[PDB]
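Below is one structure; the comments refer to it alone.
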Amino acid sequence: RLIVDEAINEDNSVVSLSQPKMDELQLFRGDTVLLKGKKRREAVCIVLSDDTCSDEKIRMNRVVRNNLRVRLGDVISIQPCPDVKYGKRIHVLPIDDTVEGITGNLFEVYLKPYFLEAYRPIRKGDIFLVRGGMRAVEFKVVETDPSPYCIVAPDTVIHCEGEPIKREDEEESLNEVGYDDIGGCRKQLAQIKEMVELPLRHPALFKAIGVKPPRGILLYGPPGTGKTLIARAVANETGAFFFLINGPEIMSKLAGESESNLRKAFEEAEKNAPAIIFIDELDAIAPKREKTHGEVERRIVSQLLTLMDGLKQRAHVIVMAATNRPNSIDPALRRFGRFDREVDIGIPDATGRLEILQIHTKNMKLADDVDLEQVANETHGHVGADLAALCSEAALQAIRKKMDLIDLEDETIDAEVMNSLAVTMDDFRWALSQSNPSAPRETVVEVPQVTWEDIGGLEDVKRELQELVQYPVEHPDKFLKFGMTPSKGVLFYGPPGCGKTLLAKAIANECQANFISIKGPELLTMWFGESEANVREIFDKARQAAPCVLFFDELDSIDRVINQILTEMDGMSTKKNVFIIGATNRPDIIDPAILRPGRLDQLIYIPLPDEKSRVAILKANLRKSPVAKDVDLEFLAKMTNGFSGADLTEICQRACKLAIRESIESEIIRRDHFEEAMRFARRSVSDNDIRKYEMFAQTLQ
Amino acid sequence: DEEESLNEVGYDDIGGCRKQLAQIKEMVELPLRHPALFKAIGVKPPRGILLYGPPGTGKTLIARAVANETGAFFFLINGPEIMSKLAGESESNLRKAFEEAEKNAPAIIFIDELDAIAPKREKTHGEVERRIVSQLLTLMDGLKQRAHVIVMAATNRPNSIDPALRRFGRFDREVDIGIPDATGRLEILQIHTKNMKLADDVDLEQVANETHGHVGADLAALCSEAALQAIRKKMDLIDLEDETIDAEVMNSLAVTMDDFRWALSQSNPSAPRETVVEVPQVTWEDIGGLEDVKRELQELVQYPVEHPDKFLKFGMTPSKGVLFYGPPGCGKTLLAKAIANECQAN
Ligand SMILES: Nc1ncnc2c1ncn2[C@@H]1O[C@H](COP(=O)(O)OP(=O)(O)O)[C@@H](O)[C@H]1O
Ligand SMILES: Nc1ncnc2c1ncn2[C@@H]1O[C@H](COP(=O)(O)OP(=O)(O)O)[C@@H](O)[C@H]1O
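Chains as they are written, first to last, in the deposited numbering: chain A, 25 to 582, 598 to 707, 731 to 763; chain F, 193 to 538.
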């Protein structure tokens, strides 16, 4: 009686649970349980343990729900290992269309790396796959004769007789995309699953409910974000039929039968309830422009938005919506009932780029020379499709220097050569050496990681900042119980380049919320273009990125864009626990009419860092570039009167560059470079404006 | 009836793209020259390529050369004769122009002048250009990961190319044919003039120099009306026009330098004046002085591009923007030539 969730570990034969489930039916750490399935299907799976598992919510990969032909959330009774014996005389016959003209019987190439000596058990006639060698192949069990569950021994017969047999079609392959395949976006994909599975997993419960149906969700944002595979993956989860209704073949046909194309595209599967439809790139099919100087696109999108209402409170049609940018979509299309609610997939982050690079490389059989961490760092501002392209032609470069230089080209493939082949680090460098930044440089949402000064500011800036940015997220009602709302916004002002931008990143890292980094000039360049709809769009996608904080700087550089900021900030989503923080250096050229309470009005001064704070930011700086063992951190700050964080980064950048400069200059360490770092000529410090900053400080007093 | 064979062409007939020719060969030879190897490839294929740039750069010859190199079937789907039809059968023309070579795997298709057929503008009134770009977008995706057909796309300037046509997956990584330089112009005139038998008094190298910023089609026109200036002085003055065409007396005639100057009297600026990308020919010893700035720039252009493991020894991004401020005209632009030429940078 355990309920299926999704686990982190890729491997089969893994039960990951919390300890009451293993003490409740005398299970141990090293053991095997039987998996009860529908139509008396059985699967074998070895117990492990973990900590991040909801204890009643058992969590695995796709292989056990492909074995039992079950879905996410079913009930499974548990039978331990001593039902069956050791077993021998095994032989594997795989699927024919998994391979494609492949060399040999492949069990000597694949089944011997399958033996990780953990003795993974095998049910008779079950389904399991081993990845590796540039392409995944599933291994059906056909010609084994043990006792009908077989724990695999190294003494058992690696037998290479059988041909790969024809696929039997009650089961759908794991080459079709799954949830763990789309794992790089370990984020709000989980909650959109959590708000779409209910008519899917509970069809009759939604048949007998009077809930006005959630009948459509938008996945806008950057292209190449797997949205087609998002729909395919949720269809492969819940078993609903998927039909991809793409825009250009709809608009390609002549007038009249394009409507009939929409008719078959709607009710080819309304009788196949539940089912999923998908009308991706809605900018190409549904804009609201006079650029579309015609009427066939209007006749397409009209009655599309009203015969998506073919669910007459007894059907189970559901639509995923995908497009580039939501502002170009028609708003009467976006009107409620016709279309209700919105979410963004957005761009992946570098931390998510780590596991998208991990889970894309399950087949290519990487070597041990690479580390995969430094690969994901420089590719900030790239879509995961571009990373898939990157590792794709990395594999193509790796198979390009081999297999024809050796002149192994023939009509038959050589599986052993490409299985012995592996991708390596300079292959990834060569992949980086092509035109990968075609995914452009837009705004980015990211989970922060800087934590050197995550608890607030310097002195009582800490004690106001930490309460302002994480005491609402556990104590909302305590503020109303003692009288009034939390604050709306706080002001950052003082000397520039002191790490205040990184300080807001550490603030967002402390409260475990997202970070918004909008800067001055990219809003200033579209101030001429008059695209403030994009500005409130990025504000709203920050607002639906709850929890988060919105950090903006150089607000004095704009006064119209600031005026639409003051218009949009009236609907303050404090119950969403998002926050607005504003930064500047010159506080007087901006108007004083934005300083009233209930708005951006709290005016704590951000000081220039002290000598002990200079030692602290030096300690933050030396984590990226290591320091000499002979370092006196007060000696580096003994001549600093107003040296900001930018000045110290300017010192360390040029000192490390001079060290790396003279490290190569010998014919073919850094204490002397620290010595010339504090013993150089210039000490260009803007100390004239700290008097003006204190004039403003005691103007506020 | 049969004309001169388009298949029997030299593979070195293009010479003006020998900075990009190597990697376009290196990106196309795997599905083409290795088809039985490529049907076993589980990596997602190269499915798109885009060649923009200046017009008239032999992209037809590029597609013909790579097709005749790999021996695949070649078809050229040209835009005007497929947009000349009425709606409906022009769509069927596009469908049959996609599917005649699906049975001829592996193959190449050439759908040049995409600017004429797939624009990005609000001026696109009507439905016919929408119905042409649509199902082109989806019938390229009709490859079922077993066919080996592949798009070859030629255009001019990819801003006017539609961004949904420029969709990732719909198009892959893209390259530029660029413009040939004068050093490249030397071998393209060397390979073009194998038929005219130029006189030896010229040196054919300084001829390549003053035609900087020109296309090789204009080079072909330059040698063409140079040859006509060479042969205009005979074949009717002395009247060598016999009952046949006296090919021997005109093949005996040679083109020479004043014919090249008279061909230079025509519209050489009909080439589009475009910004040139090229590894320079002015080197480091051509500029002397300001030695502190010299080794500062020298390390700045050598060690970020050739020793990045030293920069990542600490772990540190190298600097990116250096500044030149001082008196104008001293050679700040001139030292850029040397500092790009020494470290083999474009
Ligand atoms: N979060 C993610 N996890 C895994 N793969 C991803 C992710 N985001 C994007 N991809 C990859 O990007 C590609 C998107 O292909 P494409 O059809 O062009 O875009 P979309 O499916 O978004 O319309 C897919 O092949 C998918 O593997
Ligand atoms: N860089 C170059 N090197 C050699 N020949 C060139 C070059 N650029 C242009 N040409 C010549 O110009 C002609 C271009 O003709 P064509 O391919 O029909 O037009 P387009 O290049 O617009 O497709 C070719 O015959 C080719 O010989």
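Backbone N, C-alpha and C fix where the C-beta goes; we use that ideal spot for every residue, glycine too.
Would you please verify whether the beta carbon of residue i is less than 8 Å from any beta carbon of chain A?
i: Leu253 (chain F); result: no
i: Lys288 (chain F); result: no
i: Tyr517 (chain F); result: no
i: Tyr203 (chain F); result: no
i: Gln327 (chain F); result: yes
i: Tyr495 (chain F); result: yes
i: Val235 (chain F); result: yes
i: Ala232 (chain F); result: yes
i: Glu319 (chain F); result: yes
i: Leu482 (chain F); result: no
At the 8 Å Cβ level, is residue i part of the contact set with chain F, yes or no?
i: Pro247 (chain A); result: yes
i: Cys695 (chain A); result: yes
i: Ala308 (chain A); result: yes
i: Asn387 (chain A); result: yes
i: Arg424 (chain A); result: yes
i: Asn285 (chain A); result: no
i: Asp428 (chain A); result: yes
i: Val670 (chain A); result: no
i: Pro272 (chain A); result: yes
i: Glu305 (chain A); result: yes
i: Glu141 (chain A); result: no
i: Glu292 (chain A); result: no
i: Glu561 (chain A); result: no
i: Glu397 (chain A); result: no
Specify the secondary structure class of residue i as computed by DSSP and reduced to three states.
i: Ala622 (chain A); result: strand
i: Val94 (chain A); result: coil
i: residue 553 (chain F); result: With chain F represented from 193 up to 538, any question about residue 553 (chain F) goes unanswered, as that position is not in the structure.
i: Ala255 (chain A); result: helix
i: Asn538 (chain A); result: strand
i: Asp450 (chain F); result: helix
i: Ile70 (chain A); result: strand
i: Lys109 (chain A); result: coil
i: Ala299 (chain A); result: strand
i: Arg359 (chain F); result: coil
i: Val407 (chain F); result: coil
i: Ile423 (chain F); result: helix
i: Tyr173 (chain A); result: strand
i: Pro44 (chain A); result: helix
i: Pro311 (chain A); result: strand
i: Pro145 (chain A); result: strand
i: residue 711 (chain A); result: Note on chain A: consecutive modelled numbers read 707 then 731, so residue 711 (chain A) has no coordinates in the structure shown.
From what residue to what residue does the beta strand (DSSP E) around residue i run?
i: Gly513 (chain A); result: 513-516
i: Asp640 (chain A); result: 639-641
i: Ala346 (chain A); result: 341-346
i: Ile102 (chain A); result: 102-104
Compare the beta carbon distance of residue i and residue j with 8 Å and say whether it is the shorter of the two.
i: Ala409 (chain F); j: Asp478 (chain F); result: no
i: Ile182 (chain A); j: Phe266 (chain A); result: no
i: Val87 (chain A); j: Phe163 (chain A); result: no
i: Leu657 (chain A); j: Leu634 (chain A); result: no
i: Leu224 (chain A); j: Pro298 (chain A); result: yes
i: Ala622 (chain A); j: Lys524 (chain A); result: yes
i: residue 542 (chain F); j: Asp205 (chain F); result: Because chain F here runs from 193 to 538, residue 542 (chain F) falls outside it and cannot be looked at.
i: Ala177 (chain A); j: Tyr203 (chain A); result: no
i: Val367 (chain F); j: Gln212 (chain F); result: yes
i: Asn680 (chain A); j: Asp749 (chain A); result: yes
Just to confirm the assignment, what range does the alpha helix (DSSP H) spanning residue i have?
i: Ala566 (chain A); result: 556-567
i: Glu737 (chain A); result: 733-740
i: residue 583 (chain A); result: Coordinates for residue 583 (chain A) are simply not present: the residues of chain A run from 582 and resume at 598.
Verify the contact flag: residue i, CB atom, against every heavy atom of ligand 4, threshold strictly below 7 Å.
i: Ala259 (chain A); result: The model on display carries ligand 1 and ligand 2 but not ligand 4.
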